[PDB]
Amino acid sequence: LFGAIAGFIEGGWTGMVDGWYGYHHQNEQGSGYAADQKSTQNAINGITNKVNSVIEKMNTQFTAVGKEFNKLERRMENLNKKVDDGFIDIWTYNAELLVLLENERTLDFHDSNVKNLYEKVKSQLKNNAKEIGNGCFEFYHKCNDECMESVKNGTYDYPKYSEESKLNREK
Amino acid sequence: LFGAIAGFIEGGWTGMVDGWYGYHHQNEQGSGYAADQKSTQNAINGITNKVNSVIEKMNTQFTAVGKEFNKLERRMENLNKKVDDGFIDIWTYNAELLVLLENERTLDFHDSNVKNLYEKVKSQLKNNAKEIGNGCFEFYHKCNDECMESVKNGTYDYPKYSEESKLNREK
Amino acid sequence: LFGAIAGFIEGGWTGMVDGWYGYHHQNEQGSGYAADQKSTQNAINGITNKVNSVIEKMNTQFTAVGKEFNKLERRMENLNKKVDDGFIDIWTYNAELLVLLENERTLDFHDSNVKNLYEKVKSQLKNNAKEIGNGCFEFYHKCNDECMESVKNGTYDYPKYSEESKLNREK
Amino acid sequence: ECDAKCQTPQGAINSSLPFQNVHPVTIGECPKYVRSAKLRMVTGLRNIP
Amino acid sequence: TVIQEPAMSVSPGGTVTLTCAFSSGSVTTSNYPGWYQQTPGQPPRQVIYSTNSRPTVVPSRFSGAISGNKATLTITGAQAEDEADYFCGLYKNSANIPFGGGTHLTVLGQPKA
Amino acid sequence: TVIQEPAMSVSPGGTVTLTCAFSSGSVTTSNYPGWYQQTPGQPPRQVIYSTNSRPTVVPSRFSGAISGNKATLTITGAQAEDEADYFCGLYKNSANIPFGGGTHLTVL
Amino acid sequence: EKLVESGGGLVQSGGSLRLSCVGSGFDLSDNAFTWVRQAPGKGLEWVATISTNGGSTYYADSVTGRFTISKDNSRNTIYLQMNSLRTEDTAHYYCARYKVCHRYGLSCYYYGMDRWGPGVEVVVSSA
Amino acid sequence: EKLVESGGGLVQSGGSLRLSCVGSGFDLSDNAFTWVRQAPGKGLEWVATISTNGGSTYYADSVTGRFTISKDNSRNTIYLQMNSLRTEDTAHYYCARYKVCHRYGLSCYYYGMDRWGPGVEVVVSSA
Amino acid sequence: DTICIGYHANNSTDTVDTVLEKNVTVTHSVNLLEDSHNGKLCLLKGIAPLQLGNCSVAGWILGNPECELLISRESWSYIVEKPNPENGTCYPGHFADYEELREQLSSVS
């Protein structure tokens, strides 16, 4: 548990439906959502691989569970069920205990995906932006659509806004 | 592993007995311990659920392990003993490895809880306090019992102590 | 996923072959690698324990898989086949999923180690060094081999260099 | 005139899924029987609207 | 980026193939290679979606597949109404679908000059 | 730190044991004890590597063990050419192998 | 199910236009849309895209900050407001509708565009 | 397989020396080497070590910043450059080779030094 | 000017169980368990089963007089019977190794 989901970001966004993780920017030009496509695609690939690993790693053979025994062979019968029930027990203890664990793991995975996304932009904005809580930032300068597009892309160009940000922050 | 337990917080506290994670505060009024009830209760709930998931997912049926065979059916005895030995081997391996993995998961859970507590208080105090190690924060102003009670509760009121802190930080 | 490996540290070092996690220092005296022996040794011990737990926990008993049945006992050839196929399926599924999950656990363990090393050096240097990206630091003062050796060892002695760092930082 | 991989005394289980709870007695390549009522694996994340 | 061929030709009733490849990689089924037909003065039409899936309306002369890390559109028995520009749209982890330059298929109906 | 015995003596043909221990800990197989022999004017020779492993060239009189949380080197039938200084090098998590003070075996 | 495009023409450099596309035969509340352009002597280039509910919006790196794609569900219309047009904006503009894909509860952009529009020729100049 | 050392002698305080070790019978490209000194009346002390490739270098806390150990694979030589020598640097210096071990793809130092050299005597007298 | 990072929420009411918490509402889920069937008998390995109707294996293999509507079959994957067949052995008696014969006749190439 990394403290990003149900942590410093209390709730999710219903309006951002085309991804799992995203940004919400607010400018003079306007406000808007933008899902992060790369992280969402990587997470989708991971979840798909996990589901396929759970599903397609059980290859069985043609068997016919079920045998007929008369009165004169009860031990025989009592052995057969001891096999059958036994197998069921194992599977019923594995599958039920399997899903649970991966469920937890999945709920950790998404959390990490959010947390890293919060860290990456932090390392990009530095002192040029101030954390206002709720897991997001307020800029010390004027960011147009180009600035926020660059922040989302991964190339903020910190030095260019450094001096105005310094002038506005030292207040 | 998150680096809190046996990390930047090297040792535990024996005086804090009513919780797993807590605070130690020092004022002019006096020093004291205070366990974080919410996080400790959440951890207790999670651990109880994990133990219950391990224990109560094993639902077996009425069985009688043990058969009697004469010397004229040795194949029968051998098949029965093969079934018994295979079940014993599967269960021994699965149980031992499962306990081994869950112990690591639980320790990582506690470490994550402690690191999230530290991160919460760090984000709350911001530059009004300086980090000194051992998971400790030295305030730049005078925090009475009200101040640290607010820090523990979750409502620090950063602006109210802001300017004074600056006067003591640019010294 | 802790975001260090393939995260803010994009690639590995081919020239650092005597450890898993290390440092690269560049001074006026010269540049060089130095693996962190303590963290590497702890990780090696953990991995060895993991491998031994997987391997040295299969305690099997002397068995002879295989029985001979004539044409008048087909139900028992079928039951023996059922037992064998069930055990094979269980072991195949369990082994495959087990290795699949521990591989993820091991990768996360190495990522956690790298991230913790970076956090330790970051918290040690405080504001005497600038995060220049690529997951590493540039000093605000002149560090000879003693300074870098102290950083690697774990005793940086920040207030010795704080004043010159402030002089060179507030430029 | 179907083409199934597993048959139960009530009908065929057309399953690529690994587990089933229809009937313990089966014929063919069939999912393993479990005494479980719900085995759902989460693909998305927590819902906090 | 996506690379196609500038122009190709086919005689009526003849089978032709159009290729679509990345400039610096391979094209797999996860790229979902779509094929769009554009006639002048009319909207482009999705001839192929996914690797091989074809809409009902589209004639069955058009089939597609991934061959040699390259998406391919095959037209078996090219009629006279298949003289258009064919564009290949690939998927790269975003809503930004990169398009090919375009391939002008000329169904020959006159002697070459 | 590694502590050995400043000096010990043995008569020819007699078995002797040299000990090596940590100042504030226990010696285990994870410390990979090593025993080196240094005669004056000649390079030191690794008599024993790991707890008990021995090079082929080394005479068979030398044997190594861990007993009582201490590394031990046993010479069975000490000859006159085993009059050298014996050093114990242990492994402590790093490339800085700590060495003992040295034991001067004086064959009488 | 047809899309009709309109609102383009000859505009001076530095001006503005508002291209509009009207869809007949379906509802816009559950489909994602895109605007694509073909420059003269060049291949098809992605310009902008809007999600199913209109919340998410993505722009090409060359037209960011100057183009705004919006959706009016009441009128069943998709608008591309183009501002500060430069000479490189001369093209033929198509409005396309993304095929419906649903991956793990999320709307897709995998399969491409199923319904395109006839197109509108937008030309700018400084003569 | 023998290591021969040279380059030592009487040096004034605050001076410098370049000790050299030449190994005959093997290639240094796949071996990790070390320099270890014995002081008069004291035990052996690790001074420096260099890894198999040469990238990794470790020095003792007492000689850090003044000693530099380097490798020359073409000449099969190991160089210890000692600078700012003091009276505490008088010792018999040995060059040794780590026994080859490989733990999980890494080059370890678990087994200790397998080959040694005769050593060179270095004396630093102020007057 | 603010940029905020968040995640996705929807109207889904699906719940999953977790090792630490029970009844966790999630945006999407996949079922690893099948609870439904076709409700009809269908071919296995492309070979149809041998339907016996009102007969049993004993009655069909002995040639009960009222078991003639059965069509000739050269190969069957498995056998289908009614829980309590009525037209079996018309003449009362004991059928030796009946279960063995049933197991042998389950599938024939």
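Residues numbered from 1 in each chain as written, not as in the entry; some residues may be left out. Chains lettered and ligands numbered in written order. Part of a larger assembly, values for the part shown. Heavy atoms only, no water.

Method of determination for the deposited model, per the PDB record: cryo-EM, at 2.50 Å resolution.

Going by the PDB entry, chain E carries the name Light chain of Fab from porcine antibody 14-8 and comes from Sus scrofa. Per the PDB header, the title for this entry is "Structure of porcine Fab 14-8 in complex with influenza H1N1 A/Solomon Island/3/2006 hemagglutinin".

Per the PDB entry, the recorded name for chain A is Hemagglutinin (HA2 polypeptide) from influenza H1N1 A/Solomon Island/3/2006, and the organism is Influenza A virus.

### Things to note about the overall build of chain E
Within chain E one finds zero helices and nine strands. Each helix and strand of chain E, ordered N terminal to C terminal, gives the series β-β-β-β-β-β-β-β-β. What you see for chain E is a C-alpha radius of gyration of 14 Å, in line with the 13 Å of a compact globule of 113 residues. Taking the principal axes of its C-alpha atoms as reference, chain E extends roughly 45 × 30 × 30 Å. In chain E, of all internal contacts separated by at least 6 residues, the share reaching a separation of at least 24 is 53%. Accessible area of chain E: about 5400 Å², with a carbon and sulfur share of 50%. (Helix = DSSP H or I, 4+ residues; strand = E, 2+ residues; numbered from the N terminus. Rg over C-alpha atoms; globule rule 2.2 N^0.38 Å. Contact = heavy atoms within 4.5 Å. Areas by Shrake-Rupley, 256 points an atom, 1.4 Å probe, with all protein chains shown as cover.)

### A closer look at the overall build of chain A
Secondary structure summary: chain A contains four helices and five strands in total. Computed over C-alpha atoms, the radius of gyration of chain A comes to 27 Å, more than 25% over the 16 Å expected from 2.2 N^0.38 for 171 residues, which places it beyond the range of a compact globule. Counting the 171 residues in chain A, one finds 54% classified as buried. Across chain A, every contact between residues at least 6 apart in sequence was considered, and the portion connecting residues at least 24 apart equals 52%. When the 21 basic and 26 acidic side-chain charges of chain A are each reduced to a single mean position, those positions are 4 Å apart. (Buried < 20%, exposed > 50% of the residue type's maximum accessible area, 1.4 Å probe, protein only. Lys, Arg positive; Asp, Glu negative; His and termini not counted. Charge placed at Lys NZ, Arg CZ, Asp CG, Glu CD.)

### Details of the packing of helix 1 (residues 37-55) of chain A against helix 2 (residues 74-125) of chain A
Helices that pack against each other are described as a pair by the angle of their axes relative to one another and the distance between those axes. All names here are of chain A. Here helix 1 crosses helix 2 at 170 degrees, and the two axes come no closer than 11 Å. By the angle class used here, helix 1 and helix 2 are roughly antiparallel. When helix 1 is examined against helix 2, the residues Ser 39, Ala 43, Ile 47, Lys 50 and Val 54 are found in contact with a partner set consisting of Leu 98, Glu 102, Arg 105, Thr 106, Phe 109, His 110, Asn 113 and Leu 117. Across the contact of helix 1 with helix 2, the residue classes break down as six nonpolar, four polar and three charged. (Axes fitted to C-alpha atoms, helices over the stretch in contact; angles between N-to-C directions. Parallel < 35°, antiparallel > 145°, perpendicular 65-115°, else oblique. Nonpolar A, V, L, I, M, F, W, Y, C, P; charged D, E, K, R; others polar.)

### Here we look at helix 4 (residues 158-169) of chain C
Residue and element names in this part refer to chain C. What helix 4 keeps buried is the set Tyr 161, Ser 162 and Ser 165. Each buried residue of helix 4 sits inside an arc of 135 degrees when the element is viewed along its axis, so together they form one side. Away from its buried face by more than 90 degrees, helix 4 exposes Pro 159, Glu 163 and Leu 167. Tucked into the core, helix 4 has its buried residues touching helix 3 (145-153). A side-chain oxygen of the first residue of helix 4 lies 3.1 Å from the backbone nitrogen of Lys 160; this N-cap is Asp 157. (Arc of directions from axis to C-beta. Polar contact = N/O pair within 3.5 Å; in protein donor to acceptor, adjacent residues only side chain to side chain.)

### Regarding the nonpolar core
With 114 residues, the main nonpolar core has A:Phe139 and G:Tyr93 as its most contacted residues. Considering each element in turn, this core owes the most residues, 13 residues, to helix 2 of chain A. If near-sequence neighbours (up to four positions away) are discounted, A:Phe139 is found in contact with A:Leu125, A:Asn128, A:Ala129, A:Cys147, A:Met148, A:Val151, A:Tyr156, I:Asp1 and I:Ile3. One finds H:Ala32, H:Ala48, H:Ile50 and H:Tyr58 within the second-largest nonpolar core, a separate group that totals 52 residues. (Core = buried A, V, L, I, M, F, W, Y, C linked by side-chain atoms within 4.5 Å.)

### Digging into the state of the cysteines
Evaluated as defined, the whole model comprises 11 disulfides over all chains. With a sulfur-sulfur separation of 2.0 Å, F:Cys20 is cross-linked through a disulfide to F:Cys88. Here F:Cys20 and F:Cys88 share a disulfide; its torsion about the S-S bond, -60 degrees, makes the bridge left-handed. Here F:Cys20 is found in strand 3 (residues 16-22), whereas its partner F:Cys88 is found in strand 8 (residues 85-89), with 68 residues between them in sequence. A relative accessible area of 0% means that F:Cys20 is categorised as buried. Classification of F:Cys88 as buried rests on a relative accessible area of 0%. Between H:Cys101 and H:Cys108 runs a disulfide, and the two sulfur atoms are separated by 2.0 Å. When its relative accessible area of 10% is taken as the criterion, H:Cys108 is described as buried. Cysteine C:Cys136 remains unbridged, with the sulfur of C:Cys143 as its closest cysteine sulfur at 14 Å. H:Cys95 supplies the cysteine sulfur nearest to H:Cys21, a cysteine that is in no disulfide, at a spacing of 3.5 Å. Its relative accessible area of 0% is what places H:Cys21 among the buried residues. (Disulfide = S-S within 2.5 Å.)

### Things to note about the pairing of strand 8 of chain F
Residues and elements named next belong to chain F. Strand 8 sits mainly inside the fold: five of its five residues count as buried. For strand 4 (residues 34-38) and strand 8, the ladder comprises five bridges, and the chain directions are antiparallel. Its bridge partner being in strand 8, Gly 34 is matched across the sheet by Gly 89. Inspection of the sheet shows strand 8 paired to strand 9 (residues 103-107) by two bridges, in the antiparallel sense. What sits directly across from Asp 85, in strand 9, is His 104. (Pairing = 2+ DSSP bridges.)

### Notes on the environment of F:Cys20
In the structure, F:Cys20 is positioned 52 residues away from F:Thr72 in sequence and 6.4 Å away in space, judged by C-alpha atoms. With near-sequence residues (within four places) excluded, F:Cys20 lies in contact with F:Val2, F:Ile3, F:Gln4, F:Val27, F:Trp35, F:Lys70, F:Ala71, F:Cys88 and F:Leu90.

### Observations regarding the sheet that holds strand 5 (residues 32-33) of chain D
Strands sit in the order 5(D)-3(D)-5(I) across an open sheet of three strands; the sheet is parallel. With one partner strand each, in any of the chains shown, strand 5 of chain D together with strand 5 (33-34) of chain I form the two edges of the open sheet. Direction of pairing for strand 3 (residues 19-20) of chain D relative to strand 5 of chain D: parallel, over a ladder of two bridges. When the bridges of strand 5 of chain D are listed, D:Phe19 appears paired with D:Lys32.

### As for the arrangement of the chains
By number of contacts, the leading pair among the 18 pairs of chains in contact is chains D and I. In this structure chain E stays clear of chain F, and the shortest span between their C-alpha atoms is 44 Å. At the C-alpha level, the nearest point of chain H lies 34 Å from chain I, with no contact between them.

### Overview of the interface of chain D and chain I
Taken together, the contacts link 34 residues of chain D with 33 residues of chain I. Between chain D and chain I the total buried area reaches about 3100 Å² when both faces are included, carbon and sulfur atoms providing 55% of it. Summed over the shared surface of chain D and chain I, the number is two salt bridges. Here I:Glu21 and D:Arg46 are joined by a salt bridge, their closest N and O atoms 3.2 Å apart. At the boundary of chain D with chain I, the tally comes to 17 residue pairs in polar contact. Listing elements by their share of the side of chain D that touches chain I, those giving two or more residues are strand 2 (11-12), strand 3, strand 4 (27-28) and strand 6 (40-42) of chain D. The greatest single-element share of the side of chain D that touches chain I, amounting to three residues, is contributed by strand 6 of chain D. (Buried area = accessible area lost by both parts, 1.4 Å probe. Salt bridge = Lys/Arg side-chain N within 4 Å of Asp/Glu carboxyl O.)

### Describing the environment of B:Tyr33
Residues and elements named next belong to chain B. Note that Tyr 33 resides in strand 2 (residues 32-35). Note: C-alpha distance between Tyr 33 and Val 83 (50 residues apart in sequence) is 57 Å. Sequence-distant contacts of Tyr 33, defined by excluding residues within four places in its chain, comprise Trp 13, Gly 15, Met 16, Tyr 23 and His 24.

### Overview of the side chain of I:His8
Assignment of secondary structure puts I:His8 in the loop between strand 1 (2-7) and strand 2 (15-16). The contacts of I:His8, once residues within four sequence positions are left out, are A:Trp13, A:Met16, A:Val17, A:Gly19, A:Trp20, D:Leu45, D:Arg46, G:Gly105, G:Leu106 and I:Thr27.

### Points about the sheet that holds strand 3 (residues 63-64) of chain A
Pairing within the open sheet is antiparallel, and its four strands lie in the order 3(A)-4(D)-1(D)-2(D). If you trace the sheet from one side to the other, it starts and ends with strand 3 of chain A together with strand 2 of chain D, each paired once. When strand 1 (residues 6-8) of chain D meets strand 4 of chain D, the two strands line up antiparallel, connected through two bridges. Across the sheet, D:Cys6 pairs through a bridge with D:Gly28, a residue of strand 4 of chain D.

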